[PDB]
Enquirer: 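After the structure tokens below, expect a handful of questions from me.
All heavy atoms count here, side chains included; hydrogens, waters and symmetry mates do not. Throughout, a chain's letter reflects where its sequence line sits, starting with A, and its residues are numbered from 1.
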Amino acid sequence: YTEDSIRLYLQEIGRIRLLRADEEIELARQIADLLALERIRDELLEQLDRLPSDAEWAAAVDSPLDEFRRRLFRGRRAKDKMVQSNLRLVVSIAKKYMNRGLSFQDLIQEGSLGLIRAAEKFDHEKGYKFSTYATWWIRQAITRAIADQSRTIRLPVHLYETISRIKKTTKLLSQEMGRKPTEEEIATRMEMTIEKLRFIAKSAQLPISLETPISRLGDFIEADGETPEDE
Amino acid sequence: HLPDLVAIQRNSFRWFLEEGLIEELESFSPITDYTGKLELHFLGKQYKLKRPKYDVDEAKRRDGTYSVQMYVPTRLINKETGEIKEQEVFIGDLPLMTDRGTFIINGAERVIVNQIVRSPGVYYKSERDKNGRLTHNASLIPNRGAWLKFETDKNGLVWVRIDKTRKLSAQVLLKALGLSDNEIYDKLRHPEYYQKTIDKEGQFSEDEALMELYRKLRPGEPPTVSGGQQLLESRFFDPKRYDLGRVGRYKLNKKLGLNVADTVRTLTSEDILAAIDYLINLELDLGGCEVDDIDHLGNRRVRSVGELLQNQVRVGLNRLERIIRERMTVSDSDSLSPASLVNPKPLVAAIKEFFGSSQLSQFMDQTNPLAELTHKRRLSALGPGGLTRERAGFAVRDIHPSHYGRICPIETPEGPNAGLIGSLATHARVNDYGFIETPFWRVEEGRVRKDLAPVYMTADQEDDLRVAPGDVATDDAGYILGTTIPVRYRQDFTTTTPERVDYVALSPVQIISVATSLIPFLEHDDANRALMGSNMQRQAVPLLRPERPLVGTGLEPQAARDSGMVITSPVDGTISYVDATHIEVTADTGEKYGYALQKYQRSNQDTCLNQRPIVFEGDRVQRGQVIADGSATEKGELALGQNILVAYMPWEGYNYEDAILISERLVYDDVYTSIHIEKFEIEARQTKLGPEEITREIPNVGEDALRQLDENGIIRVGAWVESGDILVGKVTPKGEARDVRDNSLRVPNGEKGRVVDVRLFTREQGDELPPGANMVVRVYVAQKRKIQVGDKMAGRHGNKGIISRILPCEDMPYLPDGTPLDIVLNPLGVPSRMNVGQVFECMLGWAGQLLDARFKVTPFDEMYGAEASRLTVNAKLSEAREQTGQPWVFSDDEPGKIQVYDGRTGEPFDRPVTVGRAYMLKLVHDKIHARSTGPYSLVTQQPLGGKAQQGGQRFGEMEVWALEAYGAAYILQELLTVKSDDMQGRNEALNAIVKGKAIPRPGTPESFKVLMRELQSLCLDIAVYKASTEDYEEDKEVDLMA
Amino acid sequence: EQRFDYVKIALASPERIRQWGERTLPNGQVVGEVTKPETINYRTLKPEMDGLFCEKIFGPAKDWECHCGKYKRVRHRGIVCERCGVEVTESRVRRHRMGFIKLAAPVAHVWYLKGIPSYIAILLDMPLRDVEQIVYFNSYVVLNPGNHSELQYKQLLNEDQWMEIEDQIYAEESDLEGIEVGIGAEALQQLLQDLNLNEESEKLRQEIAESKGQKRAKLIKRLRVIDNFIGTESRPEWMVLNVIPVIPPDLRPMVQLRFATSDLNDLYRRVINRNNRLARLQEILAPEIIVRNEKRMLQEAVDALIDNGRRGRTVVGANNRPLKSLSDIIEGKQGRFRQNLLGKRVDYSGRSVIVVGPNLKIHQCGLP
DNA sequence: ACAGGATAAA
DNA sequence: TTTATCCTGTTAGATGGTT
Ligand SMILES: [Zn+2]
């Protein structure tokens, strides 16, 4: 009866055995069948402007309602197992950003979405291991989540990319010239105005908390209003 | 025999530079990736250092950092191809320690305090139950890592409690370590006591031992022998997660009696077995075992900048190694070079955080050289790894008999910090393990051997010897006089024959600090007033013309040579050039030496750090002769106050309860006047509307208030600024030409002086401006302050006071020669405070004035006679009386008292009073504050607090209780609502007062509404209701927020 | 002569929380639900539209000025804009309006869960450890014994035990019907809805009559809590939160010095992020473990918001210091009551050093 | 992280 | 016109934490 939540999640994960490549291929085939069936249903939804009933959906596949429903179930369970047995991969990738703005548990749950998408777009016919395709999606989901959920004043992804390129250019100039580059040099190298560079530098800052010891910061800030004297 | 006073701060940085950084680089040098293909080696024995950029003075005036760059050679080795790309990588910027023991961080002088902590090792303790027997426990504490607690139960059981988890019998731990029964049976001395535990808990084998250890440490997981093994290896055996330290190994070997090498710094089987054996023997009372005292200075250590830096560097290096491994495995190609592999951001961040934002690196105390000197010799019990204010109790804040000669028993703060911050004694020093030592002379057959060299000794060493104090008197050569001699044996005071004395302290002032060593006639003062005087000596203010005491103590020339503000000639020659800013001395036969003097600089506490020359042009100068002096020194030695005529008698109520009555000569003779320099800052930022401009085109201002600006919007050097005067003119682009808005910087209310420096820093000039700023202007304003009503004056013996009246010199009492006094002090404050030493100094100072002499009396001077101080003072006064020729100077009927007359009427007082020359100091600190209406807080809409923002005075709940006891209801209600946070009643009250009408009734203050909103936000349906008047109606919920 | 007479405090129902936060617009659209964890725009420094500082929910940032700039000046009073639907009024309303957050899954109020008396545990007559395990998804609970023989109402089932029960119920020969289990705060809500207070009160009174010792004391405490709920006419399942209130933005100010932000903004953002992710997981039919872990995360985030560090680990900030939650504001020597209600900083006050005036009279003072 | 594509807001 | 902001996809293999 531990109180830790991450350890409990890791235990819940460890109760699942890793898949094998043949198991991956089988599950990928069932997942593809489920995806095609879902696409058909979506077509029925466009035709009916409503959710099709199981009987209408079974009729759309010329399949007995029992056979159709069992096929649907198998596909659901296949996708479920594919995601479930790879959560360990999700944790292995998510542990590499535990100090960037999102807590470890948030990284895990955001990488789970990438794993789900990877399991939805895996192609067995490609002839590759699922652990190679899934890594890209897990990493992308975690990086996007960090870009969109790490700051109180959220910055767009293009701003993160701009800041990264500014850092790389600054390091390259420092290595080339053997000294710290100036603002004008960096602005010329980046082909952008110095005011834009200063704006990027100002927007990259982290907001300081009101309760920073100085005694707290929040007790030294005046209030917006009209002074009784000025009325 | 006093060595360098600030040496605890140098030795620890010399050590860090010599062998402190190397050990931490080498401890992490071999970095390997997971595939085992690439390896980074850091040849940390060859780290070079780049010369500091800028300079010490340039860093100070630019508001930068004084530092160097560290470059270590590295070699990336490919495990297969074997290509080795040798290179030198940038590691970080290391701030450097100046010649005075301090660091310069962001253009401010900072000092790293010394921390007194508990030393690593094994400590035994015996606890007694309410009704049970004595049970013994042992704690094993490393320099860094997890603790290992052993405990003995009431039934004879041995338990181990790794970390703070539940206990586990020692058998599990000993079997998990890989020990068979025979070895743990042989090493233990009394094996049946442990055999009882073996029988009660069952003999675990290694496999099940590791299983149970894993089960107890990490419940909820399936046990695994390898899992347990790894857990133990990471807990107590991992060189990078458990460090005993050199001191930890030394203490373990000394206590347990082992012989393990000094190089091994992790726990070993021998260690735990020994510790258990010692616990068993202590339980059974073997004879050579003893519980430990944690307040003993032999079980406590001092950490200084070297150790704390090492630890921060270690953390940064761990982060750097993680980054390196991440940016090494990912690479699918060996296109990496050691320069592109290391990232100095974590190490730079760790060093910057340690030197700028830690609570062990402190803003320097720089009021005078004495405060500066005692700030570098300070020992703290608080910080990251020590105590906390709420956890420190009575036992920790007391004096321990092991502090004798190592920590001053007098100099401490008063208040919440009493006993938690201490000061190193005069002769004490810290050895290479971290324990405070103190020197002694050897005594052979009752003879003190001052020919041999002082033997230093730690607290534990001097427990079996009989040590005599430094006030024992010896005859010609060295033999100790007397028949009984006080000694210390095993932390107790006894008396012995002087043939059984082992060691003698070097000096009578070996027990006190440097600030307490500067109090003459100290043995005639109480300890509380000695504390007050020593503390207040470090709040004195450097004066316009300093002056040496007449009754100095002998340590003044030594307390000023370490602050690094006095210039002495190292050369026995002649002086060829003297100037207010430069001195030059030509060696008798040799090269010329040149010195530059600081002029009207500014300290951390806004005092002045001037430096003036003493010598004249074409002067013969010897080596070690004073050439220049600081702001608080006269000729070599400390000078914090002035010698003034004092009389002890009551005035017409102006001496009442520590108040001070002075003369007007102290104002027009420029006694007790000082220079204070303040710094004002203005920032040109970039708003979304536009940037901010510094210019003289200020709105709503006339040309009569732009006289002293330099046609750029900034005031001129040498201008006199009064209150509200513009210093830097700035305009902001407000959004609503007639668009600029005025937020120019002005002098605060109650401030005036001359402008002495206007430094400008802009990004164009190559300066490190803040992230969003485009111009930083700094203005320095200096002023001369005279003594005035409300200032604090002090003496060296603990007598403080506030000046309440300044009399014209024809109203002050005068002497039988016509000389009016300078200060009148109440004698009612002398006998109840037991600071009689002030009555001795005055009298000796009187003699010193009359004999044109200066007396150096050392504390505890009564080892030579029965009453040495009184006899010396009386003899000096009689000699002054005979030399001067005036019989009224000294009287035999009343030695220290002479006749004094009244300046108002000319009639003598009924009885003679005590007059003399007293050495008084002027203390720092700007406290007067008042407010009518100003800024308010964000959430509660209550007035802000603080002098710098027109803040209000807090009306706490004790004041509310006081007003409730008076029966006041309208004063209380006006204070609580109309004058604090009745957001609508404040304006109505102000408007009624201005117009002259009556103040209307208040409403509900805003803090109550904030609280109701917060309680609703906590999922509570709390509300305010108005009761129904008639019968068949429901109560109606009242809307406050309207 | 006085506006209000008494202050009454009761258990907040979800309807009351929604009423506190839901306000209608002239267009007919209702507002008051915070849907996005966004505080302010980085470039325009203007609050977002469905975030923690929204102007359509809390009020205009600038008094008598619209969010889009269509309406300005006092002339337009009470005129809700059409382009963005913000009410052109005084900005002071930003410290009175609340708004709410609707939760994808119910959570438990930590005050009624982790307290010296555990009201949820006392009402359910269950040990606190079992209730905590059910809430934080460590064990199942038998919401209905159904037809099984060894299963009892309100019994904790481990994962392996529940799998064995699943095998039993999916056997072709099983007559087992009507067995129900639950995990999370939804199970607690169902158990709290099951309680019939009148019958429980009568049964407890009858049992107390024939009882003594510690058993009597425990039944007395249960009867006291049950009778309090009967008198207050409040349903005990209200201790399980379905919606939560949002504090007004001016009570958690985000001022610009850099931007200084209250810790409540971060706590609310955590709650909103986890709630939105849970909704997405429930929309794509995610694996059950992932959904359960997200529900546990939502419970922990709401816990940290209400009282940080009471149950689980303490949520630190940018520096390793605890974030100040809602409970930390109203308690302690630095709390609201003792720092702002029982004692205040007042105007028309000064402070200075005192010297002795010997020529003054006892009723006089010397003021500079 | 990085590249391509769609779009609307400045 | 010209960016500012959002959306989707990526194929060696990788699969339970630090303080
Ligand atoms: Zn609008």
Enquirer: Could you walk me through whether A/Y160 and A/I146 satisfy the side chain to side chain contact (heavy atoms under 4.5 Å, CB included) test, starting with their C-alpha distance in whole Å, then the side-chain angles of each, then the deciding distance to 0.1 Å, before giving a yes or no?
Expert: CA-CA 10 Å; A/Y160 282 106; A/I146 285 182; 5.9 Å; no
Enquirer: Do you know which of A/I25, A/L115, A/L89 makes side-chain contact (heavy atoms from CB on, under 4.5 Å) with A/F130?
Expert: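 When side-chain contact (heavy atoms from CB on, under 4.5 Å) is applied between A/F130 and each of A/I25, A/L115, A/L89, only A/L115 qualifies.
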Enquirer: What is the distance, rounded to the nearest whole Å, between atom CG of A/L155 and atom P of E/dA4?
Expert: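 Distance, rounded to whole Å: 14 Å.
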Enquirer: Measure from CG on C/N320 to P on E/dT19 and round the result to the nearest Å.
Expert: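 The distance from CG of C/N320 to P of E/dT19 comes to 11 Å, rounded to the nearest Å.
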Enquirer: Pick the nucleotide of DNA chain E nearest each of A/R139 and B/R241; which residue has the one closer to the 5' end?
Expert: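 It is A/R139, whose closest nucleotide lies nearer the 5' terminus.
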Enquirer: In whole angstrom, give the distance that lies between atom NZ of A/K167 and atom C1' of D/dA1.
Expert: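 Roughly 14 Å, once rounded to whole Å.
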Enquirer: For B/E221, report the nucleic acid contact type (base, sugar-phosphate, nothing); a contact means any heavy atom under 4.0 Å.
Expert: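 Base, at least one base heavy atom under 4.0 Å.
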Enquirer: Could you pick out which residue, C/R313 or A/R15, lies toward the 5' side of DNA chain E when each is mapped onto its nearest nucleotide?
Expert: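 Result of the comparison: A/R15.
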Enquirer: How many whole angstroms separate atom CD1 of C/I289 from atom P of E/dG16?
Expert: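 C/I289 atom CD1 is separated from E/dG16 atom P by 15 Å.
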Enquirer: Quick one: does B/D243's side chain get under 4.5 Å of B/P142's, heavy atoms only?
Expert: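 Answer no - side chains too far apart.
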Enquirer: When we call it a touch if two heavy atoms are under 4.0 Å apart, what does A/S92 touch: a base, just sugar-phosphate, or nothing?
Expert: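 The answer is sugar-phosphate, as A/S92 gets under 4.0 Å only of primed atoms, P, OP1 or OP2.
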Enquirer: Any donor-acceptor pair under 3.5 Å joining the side chain of B/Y34 to the base of E/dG13?
Expert: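 It does, because a donor-acceptor pair links the side chain of B/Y34 to the base of E/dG13 below 3.5 Å.
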Enquirer: Considering only E/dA12, E/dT19, E/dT15, which nucleotide approaches the side chain of A/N86 most closely?
Expert: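 Closest of the options to the side chain of A/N86: E/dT15.
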Enquirer: Identify which nucleotide among E/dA14, D/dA1, E/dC6 has an atom closest to any side-chain atom of A/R154, counting heavy atoms from C-beta outward.
Expert: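 For the A/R154 side chain, the nearest candidate turns out to be E/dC6.
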Enquirer: Students often get this wrong, so: under 4.0 angstrom with heavy atoms, is A/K168 touching a base, only sugar-phosphate, or nothing?
Expert: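 It contacts sugar-phosphate atoms only.
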Enquirer: Looking only at side-chain atoms of A/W136, point me to the closest of E/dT5, E/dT18, D/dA1.
Expert: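 For A/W136, the side-chain atoms sit closest to D/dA1.
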Enquirer: Which nucleotide sits closest to the side chain of A/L89: D/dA1, E/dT11, E/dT15?
Expert: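 Nearest to the side-chain atoms of A/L89, counting from C-beta on, is E/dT15.
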Enquirer: Go through E/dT8, E/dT18, E/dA14 for me and flag the one nearest to the A/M98 side chain.
Expert: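 Within the option list, the nearest is E/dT18.
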